[PDB]
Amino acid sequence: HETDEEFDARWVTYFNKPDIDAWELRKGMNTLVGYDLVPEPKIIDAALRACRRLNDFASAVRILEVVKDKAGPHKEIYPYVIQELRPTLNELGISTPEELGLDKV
């Protein structure tokens, strides 16, 4: 019932659709976070670039927050994902929640 790689590839393809609309962005992220996994950086990268095509900076930040949330107590996952995404963050000018102060309670 489909490899990890086939799953990730379906999701990359989903977010990479050039004319993806706002509804499809939200549907995708809200569906994805129901699964027992933290999404691979390559999925998050495609979702963040969808945010860019949709001119939605806030949803890009929210997506980074939900990556951290899905890792639960595994505190090593989120800094790894951010590390892997730094080229995309720099290219698109996406500030992390931490850089925006949005990790303060």
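Residue numbers run from 1 along the displayed sequence.
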property: Higher-scoring stretch by recorded Cα B factor average, 5 to 13 or 18 to 26; result: 5 to 13
property: Residue 76, C-alpha B-factor rank within chain (lowest, middle or highest third); result: highest
property: Third of chain Cα B-factors occupied by residue 105; result: highest
property: Third of the chain, ranked by Cα B-factor, where residue 62 sits; result: lowest
property: Record-listed C-alpha B factor of residue 42: chain third; result: highest
